[PDB]
Amino acid sequence: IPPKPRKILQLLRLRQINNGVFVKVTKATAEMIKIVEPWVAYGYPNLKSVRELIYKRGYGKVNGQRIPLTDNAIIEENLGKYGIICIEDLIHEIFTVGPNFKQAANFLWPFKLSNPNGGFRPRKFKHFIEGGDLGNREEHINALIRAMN
Amino acid sequence: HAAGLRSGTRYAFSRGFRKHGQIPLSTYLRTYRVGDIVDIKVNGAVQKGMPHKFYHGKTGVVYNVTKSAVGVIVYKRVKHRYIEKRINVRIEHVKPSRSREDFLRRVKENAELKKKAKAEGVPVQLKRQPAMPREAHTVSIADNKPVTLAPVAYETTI
Amino acid sequence: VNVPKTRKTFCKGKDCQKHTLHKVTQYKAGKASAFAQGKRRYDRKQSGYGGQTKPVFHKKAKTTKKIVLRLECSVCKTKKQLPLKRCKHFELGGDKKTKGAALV
Amino acid sequence: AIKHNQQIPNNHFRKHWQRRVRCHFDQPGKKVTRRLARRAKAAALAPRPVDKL
Amino acid sequence: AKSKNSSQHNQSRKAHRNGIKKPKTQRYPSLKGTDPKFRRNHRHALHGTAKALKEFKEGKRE
Amino acid sequence: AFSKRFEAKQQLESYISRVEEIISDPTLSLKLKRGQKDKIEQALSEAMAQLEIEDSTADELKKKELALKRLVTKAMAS
Amino acid sequence: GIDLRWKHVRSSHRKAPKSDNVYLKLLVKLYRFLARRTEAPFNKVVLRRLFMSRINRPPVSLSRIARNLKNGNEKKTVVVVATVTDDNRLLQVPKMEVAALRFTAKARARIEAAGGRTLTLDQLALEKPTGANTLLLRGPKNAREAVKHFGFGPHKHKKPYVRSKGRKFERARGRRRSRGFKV
RNA sequence: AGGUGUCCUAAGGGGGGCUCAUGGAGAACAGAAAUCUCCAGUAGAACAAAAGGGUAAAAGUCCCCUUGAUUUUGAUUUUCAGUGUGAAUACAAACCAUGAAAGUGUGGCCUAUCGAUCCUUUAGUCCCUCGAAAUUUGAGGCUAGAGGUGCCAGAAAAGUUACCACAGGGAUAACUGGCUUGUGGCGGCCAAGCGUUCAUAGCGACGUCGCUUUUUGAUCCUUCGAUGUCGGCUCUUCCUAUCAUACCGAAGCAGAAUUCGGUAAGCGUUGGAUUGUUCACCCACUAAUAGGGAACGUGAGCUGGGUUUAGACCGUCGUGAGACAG
RNA sequence: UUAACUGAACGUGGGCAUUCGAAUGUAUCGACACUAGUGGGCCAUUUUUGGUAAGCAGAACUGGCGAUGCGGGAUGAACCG
RNA sequence: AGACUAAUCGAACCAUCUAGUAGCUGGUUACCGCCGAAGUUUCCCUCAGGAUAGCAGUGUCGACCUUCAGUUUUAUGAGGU
RNA sequence: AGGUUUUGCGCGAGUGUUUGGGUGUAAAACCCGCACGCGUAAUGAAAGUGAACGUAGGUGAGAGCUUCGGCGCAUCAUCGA
Ligand SMILES: [Mg+2]
Ligand SMILES: [Mg+2]
Ligand SMILES: [Mg+2]
Ligand SMILES: [Mg+2]
Ligand SMILES: [Mg+2]
Ligand SMILES: [Mg+2]
Ligand SMILES: [Mg+2]
Ligand SMILES: [Mg+2]
Ligand SMILES: [Mg+2]
Ligand SMILES: [Mg+2]
Ligand SMILES: [Mg+2]
Ligand SMILES: [Mg+2]
Ligand SMILES: [Mg+2]
Ligand SMILES: [Mg+2]
Ligand SMILES: [Mg+2]
Ligand SMILES: [Mg+2]
Ligand SMILES: [Mg+2]
Ligand SMILES: [Mg+2]
Ligand SMILES: [Mg+2]
Ligand SMILES: [Mg+2]
Ligand SMILES: [Mg+2]
Ligand SMILES: [Mg+2]
Ligand SMILES: [Mg+2]
Ligand SMILES: [Mg+2]
Ligand SMILES: [Mg+2]
Ligand SMILES: [Mg+2]
Ligand SMILES: [Mg+2]
Ligand SMILES: [Mg+2]
Ligand SMILES: [Mg+2]
Ligand SMILES: [Mg+2]
Ligand SMILES: [Mg+2]
Ligand SMILES: [Mg+2]
Ligand SMILES: [Mg+2]
Ligand SMILES: [Mg+2]
Ligand SMILES: [Mg+2]
Ligand SMILES: [Mg+2]
Ligand SMILES: [Mg+2]
Ligand SMILES: [Mg+2]
Ligand SMILES: [Mg+2]
Ligand SMILES: [Mg+2]
Ligand SMILES: [Mg+2]
Ligand SMILES: [Mg+2]
Ligand SMILES: [Mg+2]
Ligand SMILES: [Mg+2]
Ligand SMILES: [Mg+2]
Ligand SMILES: [Mg+2]
Ligand SMILES: [Mg+2]
Ligand SMILES: [Mg+2]
Ligand SMILES: [Mg+2]
Ligand SMILES: [Mg+2]
Ligand SMILES: [Mg+2]
Ligand SMILES: [Mg+2]
Ligand SMILES: [Mg+2]
Ligand SMILES: [Mg+2]
Ligand SMILES: [Mg+2]
Ligand SMILES: [Mg+2]
Ligand SMILES: [Mg+2]
Ligand SMILES: [Mg+2]
Ligand SMILES: [Mg+2]
Ligand SMILES: [Mg+2]
Ligand SMILES: [Mg+2]
Ligand SMILES: [Mg+2]
Ligand SMILES: [Mg+2]
Ligand SMILES: [Mg+2]
Ligand SMILES: [Mg+2]
Ligand SMILES: [Mg+2]
Ligand SMILES: [Mg+2]
Ligand SMILES: [Mg+2]
Ligand SMILES: [Mg+2]
Ligand SMILES: [Mg+2]
Ligand SMILES: [Mg+2]
Ligand SMILES: [Mg+2]
Ligand SMILES: [Mg+2]
Ligand SMILES: [Mg+2]
Ligand SMILES: [Mg+2]
Ligand SMILES: [Mg+2]
Ligand SMILES: [Mg+2]
Ligand SMILES: [Mg+2]
Ligand SMILES: [Mg+2]
Ligand SMILES: [Mg+2]
Ligand SMILES: [Mg+2]
Ligand SMILES: [Mg+2]
Ligand SMILES: [Mg+2]
Ligand SMILES: [Mg+2]
Ligand SMILES: [Zn+2]
């Protein structure tokens, strides 16, 4: 991997294969993603996908440690000062980009997903338009999340 | 293979087209103080107090003022570390820089715009933000009927 | 290359400390003494058997020498030394050149 | 062959120094010999002091 | 016999191995290189302003 | 030194006589400007002097051989 | 693969004394308990300084103590986790109470002669468990002979390694413009 | 594609007047080209030299006065370890030059034109030491220059070995093998023309596309604690780009004798004179006396004429020991 | 330094947060001490010089082999995962 | 004939100085755990070798300092492929 | 044998018994002191001279302590004596 695209992937917290993070699209972040095209695939999540990921693969960063979130007391102790006390608030903040989106997203440890159940396309290192898998695919990323989750 | 003081400066130090001759005289009427931000641009006509070809285009900070020259501090990148350099340049080569003017303009504007709100009592949201995605809107086709396009067949020009 | 016989420049004398007329003369190295410490030591090293004990220079490359002018103050008799660059033909006090009188 | 910031060494160990080494393993044995000689000398000079003014 | 002349293949990676360190800026820069005439007078100026501010307890009260 | 200096003296004389043919004929001088003409003859003036002097060595005589040739060859070529 | 720059990186500071003094081992046990179950930051600093080596605990002198006993500090307790040394220049010794790792024979005598008191790090914890009304002190870390040779080079004004000093040892070329250049 | 080991009392410093190269139209001898006058003229001239940059009431040119090419030491830039040498920039404290004055001047309009330790020698202060104490000679110190290292960060230095030795190198040559195919060899495409007439029976200019590894080069990957290095004799097998033999198609093929092409490697391809020869050249026979590969097949298969150890002779070269794909 | 308390640097006192004035990350902050091995390199995409050309000679940015196995290219230090 | 001088001769044989020197070949002895390179810069009668900087390990101290970055965004400079 | 940085220990403006002497259950152990070495003062070739204007200074950061006002170790930068 060339030195410049490697640094961007480190700032996006994507250091392992089959990782995932939430980012809010602006002009500052849209250009960062466009640089690392042949390494990532991205799209627009819906309500179900964000709901499934937090319940099943939701882990939180507490004092630099990966603590699984199974009780509402964990979320309140770390995100209480911003008005988030329950797990439904965390989902609401992420799905509808809110004033405290930055703190909520950084709280979650990067997601770890398994390989897709149905497999990829015949050649998965082209663009999605050509017939590959990497690039922007808009609403079609929900189908990929079902398999990998 | 040789390495002289001015080697490789055939086009860098030359004056442009239709720009030879008399130096505009407003150059010598400017004033400088320590801490100012200046940038170097070598003038070919003046052969005294001319800096090395490396500094042609860099920006620095004034640290000394004398009868007809200023001292500038610039940072040079040797392999694996930076070094502080101090050079003496005649004023025909230096020029005030607009690099910091946007910052100085914004601090004055922020102070006055915050003052009026505190008297009035409304949040301002003063700090800047990047460009955001567009919002929903409606486009009407009244007297703006769309026109259909199609690819054109091959044709020989010559 | 020619230089004038006289010129006036700074004099570092105890009482002059200002510009004063000087006389110009070329500098010539003196005779090597026979009682210097370097010579006395060299003579002892060469006595007896053993042969030549110190190197002898052979590979010369320079064709010229630097010219040194020796000056003399007209008041306090103080002297100065000013080096020059390398030159082939040198003479001081020669006649000046003429402009616009070309003829062959 | 210097390699780092060192003090320039001067060790005078280029002759055949190993042929002339004088270890002192007889320091206590010699002391016993002197004490036997002093009291033997003092016995010969029975009423006299050992030393001189 | 003959051998490679020069290269720069691995120098960039070596330099970035433990960072390209930029010297830290700090509040009071040194006055080395400033012209002496301004340097002499600045010394006398600071001597007086310390005495005047010292006399602020039994004196001027400016 | 006697042989080395004497060899260079002949070659310098040969070229001075050689260049006189170019400047004398009307065909070559027709298209060559005055500004180039007077600069060659100016250089030829001091060339005549150092033959008369005796202190000239191989280095000095050889240097002006190429200096005179370099000057004249620039005018004819362009 | 995980693509990390650092892995299995150790700590940089001592976590236990390297000395095997039996009494010092007890002293570490006491302050390890105090630091765990007390909110006073004074206890944590004292604990770490017990681990340090001898060159990181330079001696302090009686004069250095008297320097910091002014401007309203005449009633506080001086704590020095190091040795304390008498100063021959100081003619009059003020009245103070000092808690130190150890005292020299003369320093202890002169402190109590003026009407002072010499404490011990264990007695200090018994009287001031939270360290209230105390001031900490250190010795001069860089006042060592070996430090003057650090970072030798041109234009650095450091000290060279010479077997003796005199006009025959160095000087000469590279130290004066009369013989070549200068540094 | 080119340049440097120099040159200059002005070709250095200050001030002032003027405008250059070239072209048009005019004037006794006078012409392509001599001197004089007017108009146009952005540099197409000039500035010591190689090349690039820069300059018009100037940095060019002529005239007037001068010696900042001087004294005391520090900071900074380029090559760089931010060491040395060379060269360069901006101030400070003195003394001067020039101009009515503001100002400019610390060598050449800018980019090259040069040199340590030790020793010798000169300038400087009136200074320090010769160690038992004085006075004069002599000697030694402190600060700045010069004498030189061009292999230019700086040893004092002629050959031969075919009588030869040692430590190593396939980091490096002489032979096979490998990649490449310029040269060598062999084969196509287009059709101006030759062939009495008629481009293509048989040939093919000017151009242009390929194949082969039996020529010779280029490269230096494998072997220097060793792969026995020319040629012939002997013996086996394989390739086809076919000299003869079998069967056929074309012609400027009447017969005879020949020339071009196809399927085809089944079967054959010799005896001698001269040369160490491979290569070559003649005599004679024959259906025919084709071309090549196998570590340039083949030395525990032979032979030892050639080359290539030590003996010896000649010619040319070298003062000599000795050298020569003579 | 200026005709000039007019400037220039460094200062005493005071005023300005209700919001310390772009994004993302901070699984790695600054300083010092002592010392090992190495200083024959080679390959590939794009740019590129000498050569008819070469598994030939020489360079620039970055990724690899050397120092490294595993699954594919039958085999194969460097190619794909 | 560089021939012969005890199987040794373009300088015999025996003991000692002598464990003569080598920038050049060859070898260099149990296990587990953690970190992990270089063939590049400058100088040398230097090119099969050394010194110097870099890359590497270990020992720590200063704060837990909120400082930082092989990155994007906004404003503003330089260049002659 | 002589250097150098780091770790543990004793004493600390001082420090070191063992060349030597006293003594002994005898090459052990125990005891004693005059000199001397390094350290406490540098700088010049040398004759020589020889470290406080201030609460041992001013300014910006600093762990910890605090009567909440402030006092500010180590060390880093800067202007002075
Ligand atoms: Mg299945
Ligand atoms: Mg597939
Ligand atoms: Mg260049
Ligand atoms: Mg330009
Ligand atoms: Mg003399
Ligand atoms: Mg002398
Ligand atoms: Mg004698
Ligand atoms: Mg002798
Ligand atoms: Mg004799
Ligand atoms: Mg190399
Ligand atoms: Mg690498
Ligand atoms: Mg794993
Ligand atoms: Mg000298
Ligand atoms: Mg050339
Ligand atoms: Mg002049
Ligand atoms: Mg002039
Ligand atoms: Mg003028
Ligand atoms: Mg021009
Ligand atoms: Mg270079
Ligand atoms: Mg330098
Ligand atoms: Mg330099
Ligand atoms: Mg001046
Ligand atoms: Mg001039
Ligand atoms: Mg100049
Ligand atoms: Mg010299
Ligand atoms: Mg010498
Ligand atoms: Mg005397
Ligand atoms: Mg005497
Ligand atoms: Mg000499
Ligand atoms: Mg050299
Ligand atoms: Mg030598
Ligand atoms: Mg090889
Ligand atoms: Mg071919
Ligand atoms: Mg015809
Ligand atoms: Mg045909
Ligand atoms: Mg042809
Ligand atoms: Mg071949
Ligand atoms: Mg070979
Ligand atoms: Mg071999
Ligand atoms: Mg073998
Ligand atoms: Mg064999
Ligand atoms: Mg035969
Ligand atoms: Mg066939
Ligand atoms: Mg046939
Ligand atoms: Mg057959
Ligand atoms: Mg025969
Ligand atoms: Mg063959
Ligand atoms: Mg063979
Ligand atoms: Mg055989
Ligand atoms: Mg054979
Ligand atoms: Mg055989
Ligand atoms: Mg034979
Ligand atoms: Mg022979
Ligand atoms: Mg023999
Ligand atoms: Mg002869
Ligand atoms: Mg022969
Ligand atoms: Mg090397
Ligand atoms: Mg090394
Ligand atoms: Mg190699
Ligand atoms: Mg090697
Ligand atoms: Mg290969
Ligand atoms: Mg290559
Ligand atoms: Mg090679
Ligand atoms: Mg690998
Ligand atoms: Mg495999
Ligand atoms: Mg295959
Ligand atoms: Mg013979
Ligand atoms: Mg015998
Ligand atoms: Mg015999
Ligand atoms: Mg003999
Ligand atoms: Mg023997
Ligand atoms: Mg041995
Ligand atoms: Mg031996
Ligand atoms: Mg491991
Ligand atoms: Mg690792
Ligand atoms: Mg070599
Ligand atoms: Mg080797
Ligand atoms: Mg490290
Ligand atoms: Mg261009
Ligand atoms: Mg260019
Ligand atoms: Mg030792
Ligand atoms: Mg003592
Ligand atoms: Mg003294
Ligand atoms: Mg605090
Ligand atoms: Zn005088």
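Rule-based calculations on the coordinates, nothing more; no lab input. No Cβ is skipped: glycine too gets one built from the backbone with ideal geometry, and neighbour counts run over all protein chains shown.
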- line: In degrees, nearest 10, the alpha-carbon axis of helix F:58-77 is tilted away from the dominant principal axis of the alpha carbons of chain F by 10
query: If each residue's Cβ is checked for other Cβ atoms within 10 Å, how do G:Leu126, G:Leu24, A:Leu14 rank with the fewest at the top?
result: G:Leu126, G:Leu24, A:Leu14
- line: Here the net charge surrounding G:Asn68, from other residues whose Cβ is less than 12 Å away from its Cβ (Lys, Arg +1; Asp, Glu -1), is +4
Chain A - percent relative contact order, Cα under 8 Å, separation 6 or more: 31
- request: Could you line up A:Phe128, G:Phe103, G:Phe181 from fewest to most neighbouring Cβ atoms inside 10 Å?
  value: G:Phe181, A:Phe128, G:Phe103
task: Mind telling me which of A:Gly20, A:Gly60, A:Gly118 comes out most flexible in a GNM of chain A, alpha-carbon contacts under 10 Å?
output: A:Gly118
message: Compute for the protein assembly as shown: radius of gyration divided by Kirkwood radius, i.e. Rg/Rh, restricted to C-alpha atoms, rounded to two decimals.
response: 1.07
From phi via Karplus (6.51, -1.76, 1.60), per-residue ³J(HN,Hα) for the range A:28-40 in Hz, x at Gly/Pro: 6, 9, 5, 6, 4, 5, 4, 5, 8, 7, x, 10, 10
- request: Order these peptides, G:167-177, C:35-45, by their mean beta-carbon neighbour count within 10 angstrom, highest first.
  value: G:167-177, C:35-45
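Mind checking E:4-12 for the average number of partner chain beta-carbons within 10 Å of each residue's beta-carbon?
Counting other chains' Cβ atoms within 10 Å and averaging over E:4-12 gives 1.
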Mean Cα-pair separation over length for chain F, i.e. relative contact order, pairs under 8 Å, 6 or more apart, %: 46
- prompt: Under the Karplus relation 6.51 cos²θ - 1.76 cosθ + 1.60, θ = phi - 60°, what is the ordered set of whole-Hz ³J(HN,Hα) values for the range C:2-15, x standing for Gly and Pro?
  reply: 10, 10, x, 5, 9, 7, 10, 8, 5, 10, 8, x, 5, 10
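Could you list A:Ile54, F:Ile23, F:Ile53 so that the one with the fewest beta carbons within 10 Å of its beta carbon is first and the one with the most is last?
Ascending Cβ contact count within 10 Å gives the list F:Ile53, F:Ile23, A:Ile54.
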Tilt relative to chain C, helix C:37-46 - C-alpha long axis, 0 to 90 degrees, to 10: 40
message: Taking the 0 to 90 degree range and rounding to the nearest ten, how far is the long axis of helix G:22-36 tilted relative to the main principal axis of chain G, both from C-alpha atoms?
response: 70
field: Among A:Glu139, A:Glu93, A:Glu130: highest mean-square fluctuation, GNM of chain A, C-alpha pairs under 10 Å
entry: A:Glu130
field: Convex hull volume per residue in cubic angstrom - Cα atoms of chain D
entry: 217
query: If you put +1 on each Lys and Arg Cβ and -1 on each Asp and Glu Cβ, how big is the dipole of the protein assembly as shown around its Cα centre, in Debye rounded to 20?
result: 6480
Separation of alpha-carbon centers, the range F:33-78 and the range B:91-158, rounded to whole Å: 71
query: Could you list, bin by bin from short to long, the percent of Cα-Cα pairs of chain B in 10 Å steps?
result: 7, 22, 20, 14, 14, 15, 8, 0
Relative contact order computed over chain C (Cα-Cα under 8 Å; 6+ residues apart), in percent: 34
